[PDB]
Each structure stands twice: as C-alpha cells, then as structure tokens.
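# Architecture and fold: a report
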Amino acid sequence: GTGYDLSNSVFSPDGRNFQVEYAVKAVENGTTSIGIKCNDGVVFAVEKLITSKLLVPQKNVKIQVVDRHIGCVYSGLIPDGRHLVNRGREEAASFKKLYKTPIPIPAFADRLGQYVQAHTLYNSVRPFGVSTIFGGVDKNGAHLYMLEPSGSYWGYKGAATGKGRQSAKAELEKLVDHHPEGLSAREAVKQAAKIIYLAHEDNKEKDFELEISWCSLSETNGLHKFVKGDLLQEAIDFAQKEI
Amino acid sequence: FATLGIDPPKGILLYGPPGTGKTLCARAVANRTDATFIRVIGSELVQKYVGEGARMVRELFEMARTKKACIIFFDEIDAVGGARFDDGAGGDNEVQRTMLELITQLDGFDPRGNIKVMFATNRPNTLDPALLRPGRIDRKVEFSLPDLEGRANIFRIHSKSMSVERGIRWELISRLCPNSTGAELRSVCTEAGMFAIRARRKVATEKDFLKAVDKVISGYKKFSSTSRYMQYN
Amino acid sequence: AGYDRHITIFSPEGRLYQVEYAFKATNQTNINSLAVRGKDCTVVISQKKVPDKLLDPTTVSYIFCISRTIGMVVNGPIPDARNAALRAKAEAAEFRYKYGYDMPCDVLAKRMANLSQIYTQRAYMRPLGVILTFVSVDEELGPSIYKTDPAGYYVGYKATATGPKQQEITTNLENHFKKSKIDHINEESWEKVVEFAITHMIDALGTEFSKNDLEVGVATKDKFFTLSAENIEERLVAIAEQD
Amino acid sequence: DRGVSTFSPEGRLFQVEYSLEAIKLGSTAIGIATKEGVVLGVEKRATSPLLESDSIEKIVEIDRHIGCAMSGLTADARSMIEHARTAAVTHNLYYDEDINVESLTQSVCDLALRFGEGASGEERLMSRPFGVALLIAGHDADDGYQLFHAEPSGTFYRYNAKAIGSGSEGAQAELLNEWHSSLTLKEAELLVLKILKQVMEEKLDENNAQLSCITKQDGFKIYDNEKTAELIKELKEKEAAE
Amino acid sequence: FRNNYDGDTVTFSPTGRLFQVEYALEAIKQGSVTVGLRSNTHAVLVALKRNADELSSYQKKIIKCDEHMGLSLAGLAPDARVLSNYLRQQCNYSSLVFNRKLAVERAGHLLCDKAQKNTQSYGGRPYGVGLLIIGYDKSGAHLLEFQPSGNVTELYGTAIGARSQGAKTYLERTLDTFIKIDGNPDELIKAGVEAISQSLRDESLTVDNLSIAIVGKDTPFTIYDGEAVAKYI
Amino acid sequence: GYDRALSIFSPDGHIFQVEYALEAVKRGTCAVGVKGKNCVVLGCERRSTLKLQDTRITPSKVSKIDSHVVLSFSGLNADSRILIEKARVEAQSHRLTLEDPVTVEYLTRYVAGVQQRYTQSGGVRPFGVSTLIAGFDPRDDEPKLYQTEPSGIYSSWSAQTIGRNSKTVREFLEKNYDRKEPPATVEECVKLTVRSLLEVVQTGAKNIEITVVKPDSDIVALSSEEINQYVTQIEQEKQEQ
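Cut-off values and rules
The numbering scheme restarts from 1 for each chain and tracks the written sequence of that chain rather than necessarily the entry's numbering. Residues without coordinates are not displayed. Following the order in which they are written, the chains are lettered starting with A and the ligands numbered starting with 1. Each value given relates to the chains shown, not to the larger assembly they are part of. Only hydrogens and water are set aside; all other atoms, that is, all heavy atoms of the structure, feed into the side-chain values. Secondary structure follows DSSP: runs of H or I at least 4 residues long count as helices, runs of E at least 2 residues long count as strands, and numbering of each begins at the N terminus. Restricting the calculation to C-alpha atoms gives the radius of gyration, and the globule rule supplies 2.2 Å times the number of residues raised to the power 0.38. Type-normalised accessible area, obtained with a 1.4 Å probe on protein chains alone, sets the label of each residue: buried when under 20%, exposed when over 50%, and partly exposed for intermediate values. The contact criterion used throughout is that any non-hydrogen atoms of two residues lie within 4.5 Å. Computed with a 1.4 Å probe, the accessible areas rest on the Shrake-Rupley method; for each residue, only the protein chains presented here act as cover. Charge assignment: positive for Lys and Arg, negative for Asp and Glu; neither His nor the chain ends contribute. The atom standing in for a charge is NZ when the residue is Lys, CZ when it is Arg, CG when it is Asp and CD when it is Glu. Exposure above 30% relative accessible area and no salt bridge define the residues that can form patches, which grow by joining like charges within 9 Å and nonpolar side chains of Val, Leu, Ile, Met, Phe, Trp and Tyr within 5 Å. Put simply, a salt bridge is a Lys or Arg side-chain nitrogen that is within 4 Å of an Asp or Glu carboxyl oxygen. Two strands qualify as a pair provided that DSSP identifies no fewer than 2 bridges between them. What gets called buried area is simply the loss in accessible area from a 1.4 Å probe that two parts show on being joined, summed for both. Throughout this description, a polar contact denotes any pair of N or O atoms lying within 3.5 Å of each other; where both atoms belong to protein, one of them has to be capable of donating a hydrogen while the other can accept it, and for residues adjacent in sequence the pair is counted only when both atoms sit in side chains. Angular values range over 0 to 180 degrees, each being the angle between N-to-C directions of two axes fitted as lines to C-alpha atoms, with helices fitted over their stretch in contact. Here, expected helix span is obtained from the residue count minus one, scaled by 1.5 Å. Ring pairs shown here join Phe, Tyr and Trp side chains whose ring centres sit within 6.5 Å, with only the six-membered ring taken for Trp; geometry is labelled stacked below 30 degrees between planes, edge-to-face above 60, and tilted in between.

Listed as the method for this PDB entry is cryo-EM; the listed resolution is 3.8 Å.

## A word on the overall build of chain D
Helix and strand content of chain D: six helices and 10 strands. Since a compact globule built from 242 residues should have a radius of gyration of about 18 Å, the 19 Å found for chain D is in line with a globular shape. Over its C-alpha atoms, taken along the principal directions, chain D stretches across nearly 65 × 45 × 35 Å. By residue count, 58% of the 242 residues in chain D fall in the buried class. The long-range share in chain D, meaning contacts at least 24 apart out of those at least 6 apart in sequence, stands at 62%. Accessible surface, chain D as shown: approximately 10800 Å² in total, 45% of it carbon and sulfur. Taking the average place of the 25 positive charges on the side chains of chain D and the average place of its 42 negative ones, the gap between the two points comes to 3 Å.

## Focus: a positive patch on the surface
On the surface, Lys25, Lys163 and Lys206 of chain A together with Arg17 of chain E cluster together into a positively charged patch. Tracing the chain through its elements places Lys25 of chain A in helix α1 (residues 18-25). On the accessibility criterion, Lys25 of chain A (39% relative accessible area) is partly exposed.

## Quick word on the pairing of strand β4 (residues 69-73) of chain F
The two faces of the sheet receive side chains in turn, since in a regular strand these alternate between them. All names here are of chain F. For β4, the buried fraction is high: five of the five residues fall into the buried class. By the alternation rule, side chains of β4 split into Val69, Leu71 and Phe73 and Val70 and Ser72, which are all buried. With antiparallel pairing between neighbouring strands as the criterion, strand β3 (residues 62-63) and β4 make up a hairpin whose turn holds five residues. Bridging between β4 and strand β5 (residues 131-136) involves five bridges; their strand directions are antiparallel. Across the sheet, residue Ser72 finds its bridge partner in β5, namely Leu132.

## Some remarks on the side chain of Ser55 of chain D
Considering the arrangement of structural elements, one finds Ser55 of chain D in the loop between β2 (38-43) and β3 (59-61). Among residues more than four places away in sequence, those in contact with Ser55 of chain D are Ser155 and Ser156 of chain F.

## Let's talk about the interface of chain E and chain A
How big an interface is tends to be stated in terms of accessible area lost as the parts join. Between chain E and chain A, the contact holds 33 residues from the first and 30 residues from the second. Of the roughly 2700 Å² buried at the junction of chain E and chain A (both faces included), carbon and sulfur atoms supply 56%. Taken as a group, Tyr5, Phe12 and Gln120 of chain E account for 26% of the area that chain E buries against chain A, more than any other trio of residues on that side. The tally of links from chain E across to chain A stands at zero salt bridges. Here chain E and chain A share 12 residue pairs in polar contact between them. For the side of chain E that touches chain A, the elements supplying multiple residues, two or more each, are α3 (104-119) and α4 (168-173) of chain E. The greatest single-element share of the side of chain E that touches chain A, amounting to six residues, is contributed by α3 of chain E.

## Observations regarding the interface of chain F and chain D
Each side of the interface is counted separately: chain F has 29 residues, and chain D has 29 residues. Counting the surface lost from both chain F and chain D, the interface buries some 2700 Å², and carbon and sulfur atoms represent 55% of this. Its largest share of buried area at the contact with chain D, chain F owes to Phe9, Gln120 and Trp157 of chain F, together 27% of the area lost on that side. At the junction of chain F and chain D, the tally comes to one salt bridge.

## As for the sheet that holds strand β3 (residues 63-65) of chain C
Residues and elements named next belong to chain C. The antiparallel open sheet is built from five strands, whose spatial order is β3-β4-β5-β6-β7. Since the sheet does not close on itself, it has two edges, and those belong to β3 and β7 (155-156), each with one partner. Across two bridges, the pairing between strand β6 (residues 143-147) and β7 is antiparallel. Of the residues in β7, the one forming a bridge with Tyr146 is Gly156. Where helix α3 (residues 105-121) meets the sheet, it contacts β4 (70-75), β5 (131-137) and β6, and its direction lies at approximately 160 degrees from that of β5.

## Re the environment of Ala167 of chain E
Of note, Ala167 of chain E is situated in the loop between β7 (157-160) and α4. Dropping the residues within four chain positions of it, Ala167 of chain E is found in contact with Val35, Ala195, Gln198 and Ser199 of chain E.

## Here's the deal with the sheet that holds strand β2 (residues 42-47) of chain C
Residue and element names in this part refer to chain C. Spatially, the five strands line up as an open sheet ordered β8-β1-β2-β9-β10, and their pairing is antiparallel. Either end of the sheet is taken by a strand with one partner, and the two such strands are β8 (160-161) and β10 (223-226). Where strand β9 (residues 214-220) meets β10, four bridges bridge the pair, whose relative direction is antiparallel. In the strand pairing of β10, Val218 is matched with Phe225. Strands β1 (33-37), β2, β9 and β10 of the sheet are contacted by helix α5 (residues 190-205), whose axis makes an angle of about 35 degrees with β2.

## A closer look at the side chain of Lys58 of chain D
Residues and elements named next belong to chain D. Tracing the backbone shows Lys58 in the loop between β2 and β3. Buried within the structure, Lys58 lacks any salt-bridge partner; its nearest side chain of opposite charge belongs to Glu43, at an N-O separation of 8.9 Å. For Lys58, the contacting residues outside a window of four places in its chain are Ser27, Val42, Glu43, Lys44, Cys68, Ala69, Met70 and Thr74.

## Considerations on the pattern of salt bridges
All names here are of chain A. Counted under the stated rule, the structure contains 53 salt bridges over all chains. The residue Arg87 makes a salt bridge to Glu91 at a minimum N-O spacing of 3.1 Å. Pair noted here: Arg87 and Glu91 are both in helix α2 (residues 78-99), with a separation of four residues, about one helical turn. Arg87 sits in the partly exposed class, given a relative accessible area of 29%. Residue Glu91 is classed as buried on the basis of its relative accessible area, which comes to 16%.

## Observations concerning helix α3 (residues 105-121) of chain A
Between its first and last C-alpha, α3 of chain A extends 25 Å over 17 residues, near the 24 Å set by a 1.5 Å rise per residue. Where α3 of chain A is buried, its residues contact β3 (63-66), β4 (70-75), α2, β5 (131-136) and β6 (143-147) of chain A together with α2 (78-98) of chain C.

## Here we look at the packing of aromatic side chains
Counting across every chain of the model gives 23 aromatic pairs over all chains. Aromatic pair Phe148 of chain D and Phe156 of chain D: ring centres 5.9 Å apart, planes at 75 degrees, arrangement edge-to-face. As far as the burial class goes, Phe148 of chain D and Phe156 of chain D line up, both buried. Judged by centre distance (6.0 Å) and plane angle (40 degrees), the ring pair of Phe16 of chain F and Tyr20 of chain F falls under tilted. Of the two residues, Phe16 of chain F and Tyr20 of chain F are both situated in helix α1 (residues 16-21); the distance of four residues between them amounts to about one turn of the helix.

## Structural notes on unusual backbone geometry
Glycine aside, a negative phi is what most residues show, and trans is what most peptide bonds show. The phi torsion at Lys100 of chain A lies on the positive side, around 60 degrees, for a residue other than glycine. Within the fold, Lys100 of chain A resides in the loop between α2 and α3. The class of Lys100 of chain A is exposed, set by a relative accessible area of 64%. The backbone of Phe85 of chain B shows a phi angle near 55 degrees, a positive value even though the residue is not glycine.

## Here's the deal with helix α6 (residues 185-197) of chain E
All names here are of chain E. Spanning 13 residues, α6 covers 19 Å between terminal C-alpha atoms, matching the ideal 18 Å at 1.5 Å per step. All buried positions along α6 are accounted for by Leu188, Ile189, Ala191, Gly192, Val193, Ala195 and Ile196. Buried residues in α6 make contact with β1 (34-38), β2 (42-48), α4, α5 (175-178) and β8 (210-216).

## What to know about a negative patch on the surface
Residue and element names in this part refer to chain D. Among the surface-exposed residues, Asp54, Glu57, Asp224, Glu226, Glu230, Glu234 and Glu237 lie close enough to one another that they form a single negatively charged patch. Here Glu230 lies in helix α6 (residues 225-239). For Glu230, a relative accessible area of 48% gives the class partly exposed.

Shown next, in the form of structure tokens:
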C-alpha cells in the first residue's frame, strides 16, 4: 500500500528511508562548500552565492565556530545548519564544565551523530537536510568529519558538498596524489580557493564570494579564525592565474 | 490578438465545488460558439480492454484536424487523471496510461494543437499535479460561493419564471439563506411554488418563501448535499 | 486498513512487516563478518571496505569496544550502529556502578534485546536497522557469542556469520563442527584462531583480502583490542607461506 | 482532517480562515462611534415568540467606560469575556487605573492564536480558535471615543461605523454616506435603528433588538425597554416625511 | 497545486523542499508592501498601511523594540506580536545580565532559533510574518531581512510585501547614493519615499498611509505617523 | 494524554462535533416543562421499549441539584451524569466560597460554561446532552426556567421542549399556552404538562414522570397514581370536545 514515504519511521520494502533520501537531495540545492585536511590542522572553504548587489561584503558568516578550535561549515537549509552548530556549542560548553579540557574532534562527532539520529527514530520531529562539515585541531593530530543527513560519518581527508560537489570532490583526489606524504597549512589555503573556482562552472551564472577559514598549530596555535588582510587577496590571484 | 502577436490560452480550468452550475457554463459557451462541441465523459475514455483507452484519445484529436474551430470538453477528469502512484493496488497503471496518451496527444513532440481543451472535475486534489502545471492550461477559474450580491441575481433570473407576487424583495430571502452551492438556490424557488398546493394559496407569497428557508436549507441539512463538504477528498 | 505495513501491529497474515523490513536494512553496507570461538578466547573478523580515498582507514571502523572485557561487532549502517554503540556503553557502565562488577556477554545481549523491543512494540518509534554482535569471554562459560536482531531476540551461536553470503559462510563452517564433533576450536594460542578463520573466509567468499580489506577484532580473557593494519598484514603473510 | 496550524497556498491558515465566514451565520451587530459617544446594538433573533427578551444578552460590560457586543456563535464569546473582564480589572490592580481600549484589544486578540496540538516551550491548550466577532468600544483620556473590532484572525481595526455578522456587506455599505464627524449622540441612536429596521426579518421593536451606549460621564449604559420604545416611535417620523 | 504534502512541516518533499515553508513565504508576498534602506550612520524604514474600509483605521506596521532598534510588520499581522515579545525579552535580558544593547547581527540569530524549532517538530508552525531589523551599535547601522525559511542576511536595503520586489530596481541604481549620505536625515528619508513610489499601483501615498521610522547615532528610534510624515510626501 | 483537537470548523463555518452532537438530544426522551406564577413544573417521559424496570431503584429523569433548584436532562443518559455531578460540587463550592446559596442563573451559566470548555479543549468531545435547569432563587418566588443547549448557548423559556417530537410539542405550547398570561395555579400547570406528553408518549402511564417544583425548598414528585388522575380528566374533555 501507498504511504511508505508519508512518515519517517516507516521503512521502505527495499530497505531504504524516503525521508532520509529526500533530505540528501536538499543538500545539493544549496551553496557549495569544501574542506582540506593537513598534518597540523584542517582548512575550511565555502562559496556563498551573491543574489544582488544589495549584499554587503563579508557581513554574512557561512562558517560558524564552536568553542575555539572547532570550526563548522554547512551546505543546505539555513536553520537546519545553524541548529546543529547551536546544539554543538551547548555540547562543547557542557563538556568543558565537567570534563575540564575541551572536547577533541573525534569525540565531538558522537554528539551530533546521536542527536541527528534521534530525529529519524521519531515521527514527531524531522531529520536535518543539511550536510555539516566540522573539524579542527584535537589533542592528538587532527581530524575532519562530514555529517550526512542520515547521521553517517567517517574520517575525511577531504570534503565536498553542494551544487558543485561532483566537480569539487574530483579535484580533492588530485591534491592527495600530489602530496601523499603531507601538505602544509599555508599551501592548502590557496588550493582551497582553486578548487572552488574549478567547481564554479556550475554556479557561474551568479556572483560568488570567497570565504576561507583555517586552523592549525603552525601559526594560530590552536585557534580557528577567518582569513583577513592581504592573505585572502593573495589566494585569489594565485587561483585565478591558472584560469 | 493578432495585432499584439500573442498566444491565446489553449486550455482552461473549471472545477469549483459540486453544485455551482459548472456544466451550465460549458453549455453556455457552446451556444455562442455556433460550431462543433464535444463532451467527453470521464468513464467513457476507459474501455473494456487494456490499451483501447489509448485509442480513445486519438479519436478525439483526429477530428480536431478534420473539423476546425470546435470545442472539446472533459467531464469528471478525476477518474481519468493520473498520479495514483503504485503501491498496494497493483492495477492502478491502467488508468495512468490514458493520461500519458492524453498528454502526448495534447503536448507532444510536434506542437500540434488548434482548438480549446476544457478540463472539469469535482476533485482537484486527486488530479495529476503535472496536469495542473501550465502550458497545457493557462486560464484557471475556480467557482466560489456567491455572496449577498452574488446570490441576489440567482433569485432575479428565476423571478422571470414561475409566479412572483408584486412587491416582494428577494434580497431578504438570499440574506437569510447562508453561503451554499448554486444547486440549492434554485431548489428554493422550485419548492416555493410547491407550498401553494398544500397550504391552499393562489400564487407564491412571502410567507411561503420563509418556509422554504427552513425546508430547502434547514430541513435538508442531513447529508444529501455538498455545500463545501469536499474541499479535497 | 492499508497501514498494517507502516506501524507495527498484528497483521492479517499473523506477521510483522516492519520487523521483516528491518533485516533488509542490516545488509545495506554488504559486509560479511564471521567469528569463531577459540579455546581460551574468541576471535572475530569483519570486512573493511573503504569506498573513497578521502576516507581515513584508521578512523573507519565497524567494530566498537564497549568495555575492556566486552567487544562488539556491528553489520549495518553506521548511524544506527553508533546510536546503539553509545547506548550500549551507557548500560554496560551502569552495571559496574550499580552492581559493582563487570557485566558478562549474555546479559548485555539480553538488555539490548529488550531495549530493541521497545523500538518495536512502541508504535511511535522505529526498530534499529543494525544487528549487535557481542564478542566477550566470561568467567563461567568462557568464550561465547550472542547475536541480537531488530526483533529483540538474542541467541547464541558457535560460529556467527552475516552479510549476503552468510548462507555460504554458515554452510562452509558447518562442515567443520559436524565432522570434528567439537563445540569450539582446540587452538590454545590466540594467533592460531586468527589464521584459521581467514582460510575458511577466503575459500567461502572467493576473494583474496589485503591489509586494508579486513578488520580483525581479538577478545582475550579480561582484555580486548583491535588489530591494526600491520598486525592484520602480518597474519596474511604467514598464511601464504605455511599454506 | 488535518492539523490546525496547516498553512494554505493562499498564504493564510486553515481553521481561522473559516471562522471569518462563520460570523455571517449569526446575528447582525451594528455600532457607530461618534464624538459624543458610541452607540452599539445587536439583534436577538428570537426563533419563537415564547423566548424572553431579557434572556439573551449579546452586549456585556467589561468596564464602566468599556463595553462590547457579540455576534455569530456565542459559545466562544463567554470564554473571551471572562478573560477580557479579568485582564481589564487585573490591570486596575497593578497600575491603579483603567486599561486603554486599544491596549485591552491587543490582549484580547491574542487569544485567537492559542489553537494548537502539543505546544512546546509553554502550556497552551485550545482545540479551535474563537469563532465569535466582538466590537470593542470605550472612551479614554487621550484619543477619545474608540470603536474596535475583534476578528478571529487576531487583528483589529478601529471603525467609526461598523456592521458585522450578516450585515457586513449590505448594512456596512450604508454606513459610508450616513456617517459624519459632527453626528451627535441623539441622532446616532435613530441612525442605528434606521438600518436595523430594514435588516431585521420581523418588525422592529424593543423585544427584537437591544441597544447600549458608552459616554464619558455615565460610561456604559443599557437602554431600557421604555427608552427603546420611545426611539421606535420617533423612527417612524424620520422614515416617512415628504 | 494543493497536492503532495500539505499536512505537516516534518515531512520532506520529493523535490527537496518544504511546502509549509513555501506556503509561509506566500503570506509575505501577498501581504502589506513595505520598503527600507540604511546608511552608514542611519537607517530608514518606510511602510504602506492598509485596511478593509475607508472609515476604519490603519494598523501600525512598525513596532518599537527598544530605543536603539526596531522592526517592521509584513505578511501575517498577528504573528508579529509573538516574535516581537520574544525579541524584546532578549533585548532586556542583555541589559539586565550583560548590561549591553543587543546587536543587530546577534538579533537575527535569536529569531532564527525560534522559528527553526516549529519547522523541525510537529504541532508548531513557522511564523509567516516579515521582519526588517534596524538599529545602531558600536559597529554601525545594520539591516536584516527575516523570512519564515530562516534566511538572515544583512543588506543595504530591501522590500517585502505585495509587488515589493518591483521597487528594488530604484535601490540598485541609487545604491551608490544613499550609502554616502551621512548626517542628513531629511534627504535620506526621501530616498525611501521614492522607492516605495515605484511599487504604488492603485492608490498613492497619503497622510495616514505613510509610516516612516528612522534610527541613528545622534537620533534614536522614532516612529513618525500622521502629519509628521506629510513633509516627506 | 490525548491532545488532538476533535472539533474542526466546517468550510461553511459550522462545527461537525457540535452539529452532530445535537442529534443525540433529538433521539432521546422528550423533556418538556412550563412555569406559572408561583410554581414551575418539569415533565419527562420514559422509554417503553423495555419493561420490568423497578421504579424505586431507577434513577429519576429529573436530578436534584439543590433544595431550591433542580435539573432535567434529555438525550444521552450517559454524558448527563458528568454535568450533574460537577454542578452539585459547584453548588457546595459556591455556597462555601461566597457564603451564598446558588441561584438558577448562576447554575445555568456554570453548566453551559463547562460545555463551552470541552468544545474549546483539545482532546475531548462536547456533550450530546441538553439540560433544563429550573428552580426558585433564594427569597424569590419567580420561577426561572433556563435551557442549556449542547452547543453552549443558554436561554430562558416559559414553555419549551427538547428531545424527539420537539416540533410537535413546540407548536402545541405556542397556541394553547400564553407567555404573557401563564396559569396562576399548580393544577393548571400539571394538566398542561400531561397534554404536551400525549403527542409523544402515545397512551401510556408508567412511562410518564412529572416533577413539581415549589418555592421555600419544596420538591414533590408526582407518583404513578397521581399522574393517572390528570390523564382521566383530560381524556374525557378531549374526545368529547
């Protein structure tokens, strides 16, 4: 009988979930965002599509920071992406109260993994149709995770999502084979903007704005901040030179 | 319209709630048209064999090229219209194939069309959401409930018939009657003339009109009516 | 009427559709895993499948450690696995706090089975799409294996198996126990039971695994650990040299 | 069969959207706000001659200077007046004054949005929104005499002359050219009954209609049957003249 | 139209959208039209009041939040009081705890967190009221555009209402003009009056139909109604 | 518990739960009553379908809320108990809170006020019971007869009937009875109630129950032998006239 796709907890006869599959389709309708993992940290990048000239430059923060060293970027619905960051901020704040030292990257993924999964178990609430990419510098090495609408996640050496997810992920495989031993944090900043322009062929019909934020122990020393000054303009001219 | 170089609407949309006289507007256009008019029943397209319904669609559009400047009309397209999905019936794929032939013969590869196409049904909810999308339909007109000024002309067009006492104001009769379908408005004038038989009256008076309000409306309030009963299903 | 296949209720055929549809969601990953019980311990082997190069093999694991004396192996989607993994660790640690000592393997499979039934009997929640397989060595029965299910019925097995080829793995392993008339492997060393399960796994699955194609859990007495890529590769070399 | 919070493609809600059409199913309440006072009136609509005129009261009193009238279904009217009288008298306790007519309307109109199933963050239990229309009248020391309308939609408008219920169309159009800023209190009483005579099904008398008034000195006052009967005799002289 | 999932906000469409969120956007599109803009040191909002009758009054489309900030009303009128109450509590919460004025950028995330809980859970509904948040802090003047979908983006100016997007053309050509005007509140408000004039269709701007509120550094938030805006007509 | 709202507005503006609840009364026993100058009478019928019902242990159709005020229900005999029990608790509560005996006007607004709650409360259904509250206020000899409709609307009536065959009895009370000139004696009030039940009960005796309410806290229920005395005198003046 019809109705397998009406509710959430109802399982399809093929073994899938329609509410989960339809939530993944909403991920590809938003602005694209990528990420690059390094030895001493991770690098985040996002392409915000500018609607009209009425947008004031650099007043829209796409990458929201949880605690200090934990960055978060999402591609999908705006409220679903901001709710995970606001919920993840309370998890990082409640952790430091009892547990002292801040929560690492692999442990923070379990907070959002169980929280998003709790929405798919009940029909009272809906899952998140946004893909959140979070990471940073933990106590040992570094880690990067991409939260899927289904709640599934693993360690990602690179991440691609959004409209340009097809062409952006193909460029991440070239960066791994280029530097198989290791990649510096300063070189990944210019490589992050280059992949965005290579994935801009699908989004080229509108205006774009570059926003990059990286965290590592080489310069900021455990601090996740954006890129300001001549460092942002240097990565633009280097990436657009190959075009 | 040839001066501005525009495209007249190919299809129209008339659904409304049941009992508003939608079929009256279909027969009113055929009178002014003075040309060939075709009225198709929703149960006529589906035949006793599987696949014959696809031939029934080509029967209608073949006469469009043979007879120019005609009008085709579909009555109760809900039993025709698709988007019944699949699961659990197993036989719902026979009905949707009629629309797939109907859509193809309407909007095909070669943009073949001349006349106007009319879709009419009492169930807008069960219709194919692709069928409601434009390009096969442009003008969308949904009938509503006549207001105090709308229901006033309903009793005025019926005042020329039957027998109306001189000095009776029909604006007070339509005001006491709440919002309802047009099919129940003509039943008031029909029943109003029926009180004179039992009540021993010459012609229908104002006293017999007030009895029809508690009879045609208040007395029949138990089922046997729509009056915005089905909004969707 | 037609809602019998949506929420769990008595069907006109006397069955449960959502329970039957839950078994189809356990094989979504299509991972075959088998475990044999050694003399003093029990070893488990599961397929390690990394689809993309961007995934870090060290971070990707389908085997979770509930406690030092209790291992767990899950075949199915990771989001439903991590939801049951974080929940099983909460109930396992509650036993040591409340009852004072460590929970055996049969009780942990019993409590999670009754909890999985809450996901079933209740109509406002859905059953888990994973199968929890616990591997532990108790102080009384010694080596034991208990396999759960979304229906909430736990049962012990000699050599457990899973995956789409489970029918080929169970039949291939059945001929060993019926011919030798033994309920457990007589090998005392925990290294011998690792190489023994790999031999019957390759012939049944018809595939030669690599160092990154397997994840081998080892549950010893009062200790549990997961073999790394170097330990798994070392066992594969000794098999080709001896046999 | 669906939730009460379900939106429509028209941009509006279900439920309350129908409550607006339920106002015409009841009686017709007409009122006019002048500079010398606000004259309010309702229609009892007696279906049988054995019904008592003093029984059905569609005009209640929230405050000495503030009063309103109900139309349509009166089941939801009593629940609103209990809170309307409470919020007005409780405001007298806190601020030691009379709540403004406009300020009281904003508190009463907030009750129409309380419908919902399992509200989160607080406890709000309502099965259906209020399907009754209230005309809020009164006088203050700042803006003067005010006549509002409490809509089931949750909004409100300040009307000089308003006709609700079944007279929201025919009787409302007559108030456009018959209203003037210089209209006195005595002439406004006969102007309301002038429309009530035509819109009433049966003959107009004291038993089929009940009118009230709100002034600065006496405040809210209900016309006695003797006072109402004197206005009916004077109405016949204003109808047929030349 | 009126198909697929109209029932709840927790069910996703097969196209990757939400009907209940899209239906809430239609309230602002067909609601009362209003415009707005801002400068470096100042911000100006202009609203067009409507009503159901000539003898009725005109409800205020601008509710004062605090002395340094305010909002505007568009789309659903009664749902504005719900978000306005939760917004004024957060403004007073920061003054009674942090002793600081609530910033415009942080005020957008507060209202976004209130509307996201109703869309992600059954029993609640997204508020279809439009909100234009203006204010002045140590950073400068800021303006936001609030939508039921949860989109919060700072803009120089925008318009939400009936045929309001047709008035954004004047804001684009003049985008380089009003941004350089500082300390001139007279000529800055006239830029918003000429913007809403492009969206006028049936009637024009009158004394009671024009509502203008300005906020700035030396000039706090003040609502000008009645004859106060007659000089800017 | 159950928070789902059962009451939903129809697109015409009516309510399915309220409209369909009114037919529970029209299918119930006919409850008719009249009021005189110093007295008031409330009659009711009984179902003749089943016999062998002990009269003493059978609960009366007219329930006593207090000494000076009673209640007569109709329609469903099930949901009527919830309204009677809560009205009797309020009778002692209002007597305790305000130190005043309850009146007929306050008791009617309470019973009608409770019915208005269930229509506005999510998860409950309205009452399909229509109650007739009659009595005498303290230090007042004027009878007050108030009708309570399932929709929550209350009104005063000199002569009104509810239940099956209502339109037949209402037309009988608008002709042979005058509101402006009610009878000044108790015997005329009893004979009028019996005549109103002859068009429904259709020649029966044990199925007729009439309760006479008198001021100064006096309640006298007519027995089976006393009701038959009025029936004999009416039947002789009916066919012969």
